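Note sheet for the following structure.
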Protein chains: 2
Amino acid sequence: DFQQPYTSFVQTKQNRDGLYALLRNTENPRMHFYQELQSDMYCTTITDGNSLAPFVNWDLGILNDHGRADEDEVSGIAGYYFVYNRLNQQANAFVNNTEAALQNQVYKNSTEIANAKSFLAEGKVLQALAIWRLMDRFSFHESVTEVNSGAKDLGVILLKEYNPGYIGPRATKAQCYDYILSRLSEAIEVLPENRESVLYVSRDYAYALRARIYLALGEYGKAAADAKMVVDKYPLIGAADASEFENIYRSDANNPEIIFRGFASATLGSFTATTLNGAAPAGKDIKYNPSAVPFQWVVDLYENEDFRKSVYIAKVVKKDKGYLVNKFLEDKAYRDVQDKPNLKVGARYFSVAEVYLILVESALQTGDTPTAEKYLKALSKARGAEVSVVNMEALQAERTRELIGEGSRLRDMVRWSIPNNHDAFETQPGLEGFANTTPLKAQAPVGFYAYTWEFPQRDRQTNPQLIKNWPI
Amino acid sequence: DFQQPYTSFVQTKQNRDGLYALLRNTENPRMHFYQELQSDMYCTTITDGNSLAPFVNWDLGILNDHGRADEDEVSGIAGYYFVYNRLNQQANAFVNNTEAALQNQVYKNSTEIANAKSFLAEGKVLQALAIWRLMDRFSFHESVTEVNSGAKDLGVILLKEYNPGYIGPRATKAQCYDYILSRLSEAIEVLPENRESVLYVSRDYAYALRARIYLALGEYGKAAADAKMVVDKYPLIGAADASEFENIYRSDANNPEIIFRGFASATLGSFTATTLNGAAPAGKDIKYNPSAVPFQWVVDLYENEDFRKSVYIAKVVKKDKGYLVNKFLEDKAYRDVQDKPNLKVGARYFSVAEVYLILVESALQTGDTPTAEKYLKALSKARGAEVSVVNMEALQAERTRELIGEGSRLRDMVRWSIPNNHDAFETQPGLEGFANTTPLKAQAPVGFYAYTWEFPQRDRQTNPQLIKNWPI
Ligand SMILES: O=C(CO)[C@@H](O)[C@@H](O)[C@H](O)COP(=O)(O)O
Ligand SMILES: O=P(O)(O)OC[C@@H]1C[C@@H](O)[C@H](O)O1
Ligand SMILES: OC[C@H]1O[C@@H](O)[C@H](O)C[C@@H]1O
């Protein structure tokens with residue numbers, strides 16, 4: 001978007017739809033595969049041509065300046081940083097131009113004014129999401145040890161106006177989190193209690209997003225309170241077997257757990273997300289050749305009865321000798337031909353199973369055992385494998401089982417003081433000669449700085465006020 | 001204020017009126033502008049000649065020994081400390097002299113004895129107020145981090161006798177709060193249930209004052225119980241628009257929310273309080289040139305429909321370019337000439353909107369959601385902008401909107417674990433080139449010692465038993 005304030009409701013709504021079209025390609029599963037692969041869950045395969053290995057084996061020399069953000073490619077660490085700043089920039093343009101349009105009294109009636117204020121609240125949630133996704137990967141956790149002098153308590157460059165080419169320093173962690181949380185807070189007051197559409201920002205998604213941020217911050221009482229606002233509003237998938245689970249889970253339209261998602265059809269909004277499964281169409285069947293596969297400990301986390309053991313992960317590597325992360329396989333509603341797989345999925349922004357997990361973790365931390373027991377037993381049972389002992393260990397295992405492929409594990413390891421024990425893990429025995437037994441290039445102990453990414457090299461070169469994260 | 005006991009009821013009543021005359025110049029809005037400006041709500045303007053900047057930009061070197069308390073000036077931190085210690089001293093003389101008169105049986109009948117005991121109870125409320133106003137600015141909050149060794153659990157010098165030149169150590173926090181609360185408790189038992197006059201200490205003001213102290217201490221159950229005693233006794237201003245709100249609000253005589261205030265007329269009791277609005281008379285016009293203005297986030301707390309957006313703050317900076325705090329503009333009843341502004345206000349000691357806010361916060365803390373919802377919706381609606389979602393964030397916003405200019409925010413930031421994020425805040429865009437973009441001279445994170453003031457330098461030099469607050 002641009003710098004000219006809006007002159008009509010139609011113009012405002014068109015730019016609002018423009019912002020959701022951008023969100024679909026930003027808050028996308030393809031942007032979270034990098035943080036996913038950097039966790040302690042995967043090993044590379046012989047199919048990997050040093051593409052996923054820098055994240056998997058913690059190759060610090062490559063990760064330092066990883067990715068691209070130019071006219072020909074937007075990928076990796078540099079691509080992630082670019083798309084979330086571009087999302088923040090366009091949400092700024094939308095928010096400021098709607099605020100100006102409201103101040104200039106350009107709307108025709110009270111309905112246009114009320115709806116424009118509501119759109120403005122949706123924009124604020126997207127400003128909070130963009131700045132938080134930058135905080136999540138480019139600001140350090142409190143537990144970090146050695147860091148570049150002055151970076152420990154720094155956030156990100158906090159820019160509130162559509163201003164490309166801006167040269168400024170990083171704001172503090174407190175300043176960035178105060179802005180994220182004030183945005184969500186101001187939005188929750190305007191957005192109606194009941195969700196208008198699964199395709200648009202709602203008060204339900206604002207509570208879910210804030211619950212996620214509070215959990216990440218270790219604010220368990222506040223995470224539990226936000227989680228309780230939406231946890232009972234979305235029912236879990238009701239499935240008698242794995243086949244019924246797959247057909248509902250893989251359906252954007254029919255899955256009752258989705259709170260917010262991006263528009264998708266066979267012609268618009270659909271995209272392949274084959275990084276983790278290395279899947280390709282082969283007539284009416286699907287060929288698999290992954291570049292990274294989970295370790296045996298990840299496979300053994302699931303009971304054979306668990307519906308996610310043939311959906312989230314699938315024994316499809318080399319026909320049937322190993323397991324592959326098949327969460328983003330397809331939504332058959334986005335096929336061009338009914339019987340021909342094209343492996344197209346839609347962008348999902350929040351689902352109730354993540355809210356259940358935020359609630360269980362936060363309840364265990366605040367000593368609310370009945371709440372932890374109710375929601376952990378409910379989620380695991382619906383998945384076909386009920387947990388028998390509800391404790392922090394069972395939450396850690398069920399959270400890992402549920403959010404595999406979604407880039408949660410790297411964050412979870414840091415919050416749970418889990419070092420990367422990659423070198424000690426047993427690879428899948430049926431994948432001998434395919435799965436790599438490559439050791440970490442750099443060890444990742446509790447508090448290691450490289451759990452946080454370095455700011456892209458171009459940005460560090462053009463902005464002398466930007467303080468880098470990594471020492472040495 | 002002598003050491004000689006009273007010999008008659010007339011003498012007792014004359015000294016009681018002398019104490020209220022002193023209170024007017026002590027518990028005055030001019031003494032609370034310093035703690036107001038030290039909060040996260042203002043930036044300085046180019047009109048500031050380093051007068052308000054030491055508080056706004058946390059210039060510790062100046063704040064350390066700030067103000068004056070001599071025959072020519074009583075101002076700043078040293079002036080605040082002086083005035084409340086003088087109020088405590090004269091309240092002591094009054095209390096001790098009335099107790100002696102009752103013991104010496106100098107009164108004519110049982111009515112004189114009963115009225116003198118009631119006056120004695122009013123004096124006790126004023127001793128509690130003087131010592132609490134000293135605790136509020138010179139004793140540390142429980143959350144404080146590094147301090148001068150031995151200062152963390154100290155109160156203030158607790159002197160109960162009219163004794164000038166007294167050299168003594170600071171009492172503990174427990175000793176000072178036990179004295180504050182025992183004085184209020186003993187007064188509440190004597191003062192009649194129904195207020196005799198808005199101009200004199202009542203049981204209503206003693207409950208409001210104790211509710212304020214309990215909230216400051218985090219004693220939410222006790223604050224809520226004390227607030228419920230008075231919150232329904234004073235109706236809120238009923239106004240159809242901002243003009244009607246302004247005419248009732250600015251009227252000491254006609255505002256139904258005032259529980260206690262000092263006598264004021266054009267010739268006695270009136271005073272200008274132009275620090276925050278930089279207002280000056282110019283014939284029939286009012287010229288504004290403020291030295292500090294709120295940040296844009298403060299202006300944004302208010303909906304355009306909110307009556308406080310043109311009374312508490314008003315868009316009168318550079319004719320109509322920006323907002324200043326206009327709460328203490330004037331009471332037109334204190335004008336010398338009907339059509340000529342002289343900007344004189346009266347000293348207000350408690351209003352029911354503060355009692356509503358104490359109740360809402362305390363209810364949110366004790367899980368009494370119906371009470372929080374009832375009183376937060378009632379106050380915000382009467383102000384022309386009803387809150388739709390009642391939560392902690394709504395209370396913090398509502399309290400900040402309502403108590404702006406009254407020196408509540410510094411205290412509130414500390415109780416709510418809010419650090420000073422001044423450096424990240426956007427200044428009012430129409431005030432570019434007027435509003436200063438100056439960063440804090442010292443950061444103020446959660447628990448920083450400088451949230452509490454240092455004891456005046458002259459007192460630290462003449463009293464070797466006085467332990468200072470600030471480290472380094
Ligand atoms: O303030 C009050 C009541 O709050 C009055 O009891 C007191 O101020 C008298 O007006 C004293 O009169 P003077 O000595 O001439 O100032
Ligand atoms: O998000 P902003 O910049 O408007 O900051 C508003 C916040 C809310 C308040 O608690 C803090 O002082 O600042
Ligand atoms: O004037 C509109 C404003 O309303 C307030 O209640 C919010 O804090 C921010 C918003 O910009």
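Ordering of the structure tokens sets the chain letters (A, B, ...); residue numbers start at 1 within each chain; ligands are numbered from 1 in the order shown.
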Would you write out, as a Markdown table, a table of all residues in chain B that have an atom no more than 12 Å from an atom of chain A, listing for each the closest atom pair and the distance in Å to one decimal, considering only C-alpha atoms and ordering rows by chain and rising residue number?
```
| residue | atom | partner | partner_atom | distance |
| --- | --- | --- | --- | --- |
| B:40 | CA | A:175 | CA | 11.8 |
| B:297 | CA | A:182 | CA | 10.0 |
| B:300 | CA | A:186 | CA | 10.3 |
| B:301 | CA | A:186 | CA | 9.4 |
| B:302 | CA | A:186 | CA | 11.6 |
| B:303 | CA | A:103 | CA | 11.4 |
| B:304 | CA | A:103 | CA | 9.3 |
| B:386 | CA | A:189 | CA | 10.9 |
| B:387 | CA | A:189 | CA | 7.7 |
| B:388 | CA | A:189 | CA | 6.2 |
| B:389 | CA | A:189 | CA | 5.4 |
| B:390 | CA | A:189 | CA | 8.6 |
| B:391 | CA | A:189 | CA | 9.5 |
| B:392 | CA | A:185 | CA | 10.0 |
| B:393 | CA | A:185 | CA | 6.9 |
| B:394 | CA | A:189 | CA | 8.2 |
| B:395 | CA | A:185 | CA | 11.7 |
| B:396 | CA | A:185 | CA | 11.2 |
| B:397 | CA | A:186 | CA | 10.0 |
| B:417 | CA | A:174 | CA | 10.8 |
| B:418 | CA | A:178 | CA | 8.7 |
| B:419 | CA | A:174 | CA | 7.3 |
| B:420 | CA | A:175 | CA | 8.6 |
| B:421 | CA | A:175 | CA | 5.5 |
| B:422 | CA | A:175 | CA | 8.7 |
| B:423 | CA | A:175 | CA | 8.3 |
| B:424 | CA | A:175 | CA | 6.2 |
| B:425 | CA | A:175 | CA | 8.7 |
| B:426 | CA | A:160 | CA | 8.7 |
| B:429 | CA | A:161 | CA | 11.7 |
| B:443 | CA | A:172 | CA | 10.8 |
| B:444 | CA | A:174 | CA | 11.2 |
| B:445 | CA | A:174 | CA | 8.7 |
| B:446 | CA | A:174 | CA | 9.8 |
```
Can those selected residues be exported to a file as a compact mmCIF listing (two decimals), in the first residue's frame so that it contains N, CA, C and O atoms?
```txt
# COMPACT_ATOMS: atom_id res chain seq x y z
N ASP B 40 5.25 8.00 32.14
CA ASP B 40 5.54 7.71 30.74
C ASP B 40 4.58 8.43 29.75
O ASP B 40 4.47 8.02 28.59
N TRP B 297 0.05 8.35 22.15
CA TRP B 297 -0.60 7.19 22.75
C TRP B 297 -1.57 7.64 23.84
O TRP B 297 -2.62 7.01 24.03
N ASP B 300 -4.60 9.12 22.09
CA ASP B 300 -5.29 7.96 21.55
C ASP B 300 -6.02 7.14 22.62
O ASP B 300 -6.91 6.43 22.25
N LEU B 301 -5.77 7.30 23.93
CA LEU B 301 -6.58 6.57 24.92
C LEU B 301 -8.06 6.92 24.79
O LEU B 301 -8.93 6.06 25.01
N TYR B 302 -8.34 8.20 24.42
CA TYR B 302 -9.67 8.77 24.35
C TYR B 302 -10.34 8.64 22.98
O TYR B 302 -9.77 8.99 21.96
N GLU B 303 -11.61 8.21 22.98
CA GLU B 303 -12.46 8.21 21.78
C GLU B 303 -12.79 9.65 21.53
O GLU B 303 -12.77 10.42 22.50
N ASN B 304 -13.08 10.07 20.27
CA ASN B 304 -13.36 11.48 19.98
C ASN B 304 -14.65 11.96 20.69
O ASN B 304 -14.72 13.13 21.07
N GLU B 386 -18.43 4.56 26.64
CA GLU B 386 -18.54 3.31 27.38
C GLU B 386 -17.55 2.27 26.86
O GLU B 386 -17.40 2.10 25.64
N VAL B 387 -16.85 1.60 27.79
CA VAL B 387 -15.93 0.50 27.54
C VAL B 387 -16.78 -0.74 27.15
O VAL B 387 -17.79 -1.01 27.80
N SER B 388 -16.41 -1.48 26.10
CA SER B 388 -17.24 -2.64 25.76
C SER B 388 -16.68 -3.93 26.40
O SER B 388 -17.47 -4.77 26.85
N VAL B 389 -15.34 -4.09 26.47
CA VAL B 389 -14.74 -5.28 27.09
C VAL B 389 -14.06 -4.90 28.40
O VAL B 389 -13.05 -4.22 28.39
N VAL B 390 -14.62 -5.36 29.54
CA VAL B 390 -14.10 -5.06 30.88
C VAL B 390 -13.04 -6.10 31.23
O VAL B 390 -13.36 -7.28 31.43
N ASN B 391 -11.77 -5.65 31.31
CA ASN B 391 -10.60 -6.47 31.68
C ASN B 391 -9.60 -5.53 32.31
O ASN B 391 -9.89 -4.33 32.36
N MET B 392 -8.44 -6.03 32.76
CA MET B 392 -7.39 -5.23 33.41
C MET B 392 -6.90 -4.09 32.54
O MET B 392 -6.69 -2.98 33.03
N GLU B 393 -6.72 -4.37 31.25
CA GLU B 393 -6.25 -3.43 30.25
C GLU B 393 -7.19 -2.28 30.11
O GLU B 393 -6.70 -1.16 29.96
N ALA B 394 -8.52 -2.54 30.17
CA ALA B 394 -9.59 -1.50 30.09
C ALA B 394 -9.55 -0.60 31.33
O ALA B 394 -9.76 0.61 31.23
N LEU B 395 -9.25 -1.21 32.51
CA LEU B 395 -9.16 -0.49 33.77
C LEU B 395 -7.96 0.46 33.72
O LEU B 395 -8.08 1.62 34.10
N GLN B 396 -6.81 -0.04 33.26
CA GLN B 396 -5.58 0.72 33.21
C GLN B 396 -5.74 1.92 32.31
O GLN B 396 -5.40 3.02 32.73
N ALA B 397 -6.37 1.72 31.12
CA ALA B 397 -6.70 2.77 30.16
C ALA B 397 -7.70 3.77 30.78
O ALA B 397 -7.50 4.98 30.71
N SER B 417 3.69 -3.16 36.91
CA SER B 417 4.96 -3.63 36.31
C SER B 417 5.13 -3.09 34.88
O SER B 417 5.44 -3.84 33.96
N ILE B 418 4.89 -1.80 34.71
CA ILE B 418 5.08 -1.14 33.42
C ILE B 418 6.42 -0.32 33.48
O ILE B 418 6.52 0.64 34.26
N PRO B 419 7.45 -0.71 32.68
CA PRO B 419 8.67 0.13 32.61
C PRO B 419 8.39 1.41 31.81
O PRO B 419 7.38 1.50 31.10
N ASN B 420 9.29 2.40 31.91
CA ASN B 420 9.13 3.64 31.14
C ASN B 420 9.65 3.45 29.70
O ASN B 420 10.85 3.43 29.49
N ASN B 421 8.72 3.33 28.73
CA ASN B 421 8.97 3.09 27.30
C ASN B 421 8.99 4.38 26.46
O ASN B 421 8.97 4.29 25.23
N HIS B 422 9.16 5.54 27.14
CA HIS B 422 9.29 6.92 26.63
C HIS B 422 10.00 7.00 25.27
O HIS B 422 9.48 7.63 24.35
N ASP B 423 11.21 6.37 25.17
CA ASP B 423 12.05 6.42 23.96
C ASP B 423 11.39 5.85 22.71
O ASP B 423 11.79 6.22 21.62
N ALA B 424 10.41 4.95 22.87
CA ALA B 424 9.71 4.32 21.73
C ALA B 424 8.45 5.09 21.29
O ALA B 424 7.93 4.81 20.22
N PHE B 425 7.94 6.02 22.12
CA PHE B 425 6.66 6.67 21.88
C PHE B 425 6.70 7.73 20.80
O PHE B 425 7.66 8.51 20.71
N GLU B 426 5.64 7.74 19.97
CA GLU B 426 5.44 8.69 18.89
C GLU B 426 4.86 9.97 19.50
O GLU B 426 3.92 9.91 20.30
N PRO B 429 1.82 14.22 15.91
CA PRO B 429 2.32 14.66 14.58
C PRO B 429 2.14 16.14 14.22
O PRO B 429 3.02 16.69 13.53
N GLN B 443 17.38 5.24 31.85
CA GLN B 443 16.25 4.34 31.66
C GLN B 443 15.59 4.06 33.01
O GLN B 443 16.25 4.11 34.05
N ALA B 444 14.28 3.78 32.99
CA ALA B 444 13.55 3.46 34.20
C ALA B 444 12.89 2.07 34.06
O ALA B 444 11.68 1.98 33.82
N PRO B 445 13.66 0.96 34.18
CA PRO B 445 13.02 -0.37 34.06
C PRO B 445 12.21 -0.73 35.29
O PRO B 445 12.30 -0.04 36.31
N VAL B 446 11.42 -1.83 35.23
CA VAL B 446 10.64 -2.32 36.37
C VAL B 446 11.62 -2.49 37.58
O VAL B 446 12.70 -3.08 37.45
```
Item to check | Nearby residues (only C-alpha atoms) at most 8 Å from segment 230-238 of chain A, same-chain spacing under 4 positions excluded, as a list in words | outcome: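 Listed by chain and then number, they are residues 204, 207, 208, 226, 245, 248, 249, 255, 256, 257, 258, 259, 352, 353, 355, 356, 379 and 382 of chain A.
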Next on the checklist: As an exercise, work out the distance from atom CA of residue 53 of chain B to atom CA of residue 87 of chain B in Å and give it to one decimal place.
Outcome noted: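 Computing it gives 28.4 Å between the two atoms.
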Next on the checklist: Which residues are close to residue 44 of chain A, i.e. within 6 Å by only C-alpha atoms, leaving aside same-chain residues fewer than 5 positions away? Reply as a list in words.
Outcome noted: residues 291, 292 and 436 of chain A
How about saving the chosen residues, C-alpha atoms kept, as a compact mmCIF listing (two decimals), in the first residue's frame?
```
# COMPACT_ATOMS: atom_id res chain seq x y z
CA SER A 291 15.68 -34.16 2.25
CA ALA A 292 15.06 -34.38 6.05
CA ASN A 436 22.47 -39.12 7.38
```
Checklist entry - Within 9 Å of ligand 1, counting only C-alpha atoms and all ligand atoms: which residues, as a PyMOL selection string? => result chain B and resi 14+16-24+197-201+260-264+268-269+347
Just write the chosen residues, C-alpha atoms, as a short mmCIF file (atom, residue, chain, number, x, y, z; two decimals), in the first residue's frame.
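Output contents, as saved in again_35.cif:
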```cif
data_model
loop_
_atom_site.label_atom_id
_atom_site.label_comp_id
_atom_site.auth_asym_id
_atom_site.auth_seq_id
_atom_site.Cartn_x
_atom_site.Cartn_y
_atom_site.Cartn_z
CA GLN B 14 -10.13 28.54 65.26
CA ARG B 16 -9.12 23.60 63.28
CA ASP B 17 -9.92 26.25 60.61
CA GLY B 18 -6.18 27.17 60.60
CA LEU B 19 -5.35 23.51 59.79
CA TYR B 20 -7.80 23.47 56.79
CA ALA B 21 -6.25 26.75 55.52
CA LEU B 22 -2.82 25.00 55.57
CA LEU B 23 -4.21 21.82 53.88
CA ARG B 24 -5.43 23.92 50.89
CA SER B 197 -19.66 19.55 54.81
CA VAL B 198 -17.74 19.03 51.52
CA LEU B 199 -15.18 21.51 53.09
CA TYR B 200 -14.34 19.32 56.12
CA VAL B 201 -12.93 15.83 56.75
CA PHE B 260 -13.89 16.77 50.04
CA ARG B 261 -12.40 20.07 48.90
CA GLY B 262 -10.84 23.26 50.26
CA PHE B 263 -12.83 26.52 50.58
CA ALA B 264 -12.38 28.78 47.56
CA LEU B 268 -9.64 33.49 49.24
CA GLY B 269 -8.65 29.88 48.57
CA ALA B 347 -8.07 22.40 45.82
#
```
